[PDB]
């Protein structure tokens, strides 16, 4: 099996989108500009498990430009973009993903990505840690072969920390999420644009005048709240951390609990990465045609199982859009069956912010393969100078003119002018 996709006839349209995407991802293009003739990743066979989209396609191709075999699966069962999976398949790269996978077909795709023509994998590129947990639970014999792993998302690094703690994480990993460039842009500015896209494409509902409830006010919650506020929704935040909770209050958001908010929320958006956020007792109290969705990583935040078993009727409006009628006569509109809505009902984050995440990922793959010394078995961060490098590579596109310290100023501040300008603990 050379690959698996929904349609290879879409590869042509796919190639167009990539050419456009490339122009929006300077960070990744510098890497090609800089490491083409060098091929640092020479020898590496990188098994990837990220959302197979136009943005990821460009990432994959960049990894190859640096000289490395790559096999790919999708980490979510509806995130994949058919034409993007096609253009990568047509380029001679084993990709196993499509938009509409079942749970068995999802697990089946990750398996094809483990063995290459010249032996098993030696690098993981994961998000959420499905490919990490799989190789640790099903194929522990392949763990000594793997040299490094790089994790994209917040749930998958929290899981990589829980593994190192329980002494089961046998391979060294780099936390790419906690790069400032990822967490404080991707999670923040990314969802701020793609949440509403997902919701709009699915429902075409008016945001203005509505009351929107956002569970969680971390980086993702912040972006979602800001977005809905932008279109003149009234936003209500729920939260368990007093610091995050206070941040939201100081921004003019009412902060209460779901038990209260469910009685006035028109729109619901879980962003906690936690279970049991919206339950049946919430559903029973919601206004008619309340719109419920999730933008956390796993579909564990909404009790969809309750809606199935307790709804009077379930009308499907179109793919990833269900309209339940309840025994109280009012209806609930659920999106993407609880799975993340921005990739399930839209095209995910725009290419530019992904260039920031994926530029981090290239460096995270280079470091783990070019300097296997620095990184023992643990959970490490990328050095700030490299984190700043990613930011610097995107300034050009945005036409940003950056100031440079005089020698006198550098001496006053006691820092090297090229040198990272912030201490490690700096929170931006």
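Residue numbers count along the first chain shown, from 1.
> Determine, for stretches 187 to 195 and 75 to 83, which one has the higher mean CA B-factor as deposited.
Higher mean C-alpha B-factor in the PDB entry: 75 to 83.
> Do the C-alpha atoms of 140 to 148 or of 278 to 286 have the higher average B factor in the entry?
If you average the C-alpha B-factors of 278 to 286 and of 140 to 148, the larger mean comes out for 140 to 148.
> Could you check 322, 241, 104, 313 and tell me which one carries the biggest Cα B-factor in the deposited entry?
Answer for 322, 241, 104, 313: 104, with the highest C-alpha B-factor.
> Which one of 128, 350, 252, 296 shows the biggest C-alpha B-factor in the PDB entry?
Of the candidates given, the C-alpha B-factor peaks at 128.
> Would you mind checking where the Cα B-factor of residue 400 ranks among the modelled residues of its chain, as the lowest, middle or highest third?
For residue 400, whose C-alpha B-factor we compare with every modelled residue in the chain, the answer is the lowest third.
> State the tercile, meaning the lowest, middle or highest third, of residue 111 with respect to the CA B-factors recorded for its chain.
Tercile = highest for this residue's CA B-factor.
> Among all modelled residues of this chain, ranked by Cα B factor, put residue 179 in the bottom, middle or top third, i.e. lowest, middle or highest.
Middle third of the chain for residue 179's C-alpha B-factor.
> How does the C-alpha B factor of residue 291 compare with the rest of the chain: lowest, middle or highest third?
As the PDB entry reports it, the C-alpha B-factor of residue 291 lands in the lowest third of its chain.
> Comparing against every modelled residue in the chain, figure out the third that the C-alpha B-factor of residue 118 lands in (lowest, middle or highest).
It belongs to the highest third of the chain when residues are ordered by C-alpha B-factor.
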